């Protein structure tokens, strides 16, 4: 399905806005999911070599990004936005409902 860059950009702003400790909190796996589609949506296909074995954080991010090689920016937009909507719906607070509404109106 069609997803606009504008809705992606709003989703990114929201994701970046979330505190590490809060009622709306992506899991570790969900943050990797956001990461991989964020890179794929903006940079496109992974364009660097895998970090060294002892760069635990860096190599986990790289692996995620590499795993979506070949995905179009538009699918990346869609997957990113949809993951945030999933998370907001699961959080199910008046705050999360407001975020859903902002994405819808973007």
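Numbering follows the first chain given and starts at 1.
Chemist: Going by the average Cα B-factor in the PDB entry, point out whether 75-83 or 22-30 comes out higher.
Modeler: Higher mean C-alpha B-factor in the PDB entry: 22-30.
Chemist: Using only the Cα atoms and their B-factors as the entry lists them, report which of 35-43 and 48-56 averages higher.
Modeler: Of 48-56 and 35-43, the stretch with the higher C-alpha B-factor average is 48-56.
Chemist: Considering every modelled residue of the chain and its Cα B-factor in the PDB entry, is residue 98 in the lowest, middle or highest third?
Modeler: CA B-factor rank for residue 98: middle third.
Chemist: Within this chain's modelled residues, let me know which third the CA B factor of residue 2 belongs to: lowest, middle or highest.
Modeler: As the PDB entry reports it, the C-alpha B-factor of residue 2 lands in the highest third of its chain.
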